[PDB]
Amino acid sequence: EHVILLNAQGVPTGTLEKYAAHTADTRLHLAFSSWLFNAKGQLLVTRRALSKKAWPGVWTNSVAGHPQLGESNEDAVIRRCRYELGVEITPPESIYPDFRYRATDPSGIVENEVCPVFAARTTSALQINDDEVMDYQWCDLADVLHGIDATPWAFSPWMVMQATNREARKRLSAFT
């Protein structure tokens, strides 16, 4: 399992083992983020497990990850949905294709990514992988956005940045 290093432009130039790649000096690599909603339109919010190298124990959107070499973004979502949440989904739809961001977590671990964002509906029940998720909540998107707007610090900076992009919010909202 690896991450894909990107040069100044989004061109892959090689790979790194996933664990070894997230450091205090993380280099730009390829990733995804997705927001999941159930049949009713509830958003799934998850809390990262305390064993995650980056942002452990942090509340964030439904699922995020690292596409492997030759893997489509959409396949990557599907894979991590199965792996982290044991859940089936509908074809992921683009919500924020040009999201790119760098941030530092409270222990100094950095994420540095070209991270296209997706949305999908779940088609099965969750089956939680507690190596990845320690808690989660099904909730109204409206409420989630309010909490992000009032106390953004309570959420992953990654979730906050995506939810505050005007178009991404529209599309998440239109997603219901």
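Residue indices: 1-based, along the sequence shown.
Within the group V58, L44, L145, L69, the record's highest C-alpha temperature factor is found at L69. Reading the B-factor column for the CA atoms of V63, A119, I109, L141 in the entry, the top value corresponds to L141. The PDB entry assigns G14 a C-alpha temperature factor belonging to the middle third of its chain's modelled residues. Ranked within its chain, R79 lands in the lowest third, by CA B factor from the PDB record. For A150, the recorded CA temperature factor ranks within the highest third of the chain's modelled residues. In this PDB entry, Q137 carries a Cα temperature factor that places it within the middle third of its chain's modelled residues.
For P92, the recorded CA B-factor ranks within the middle third of the chain. Only modelled residues enter the ranking.
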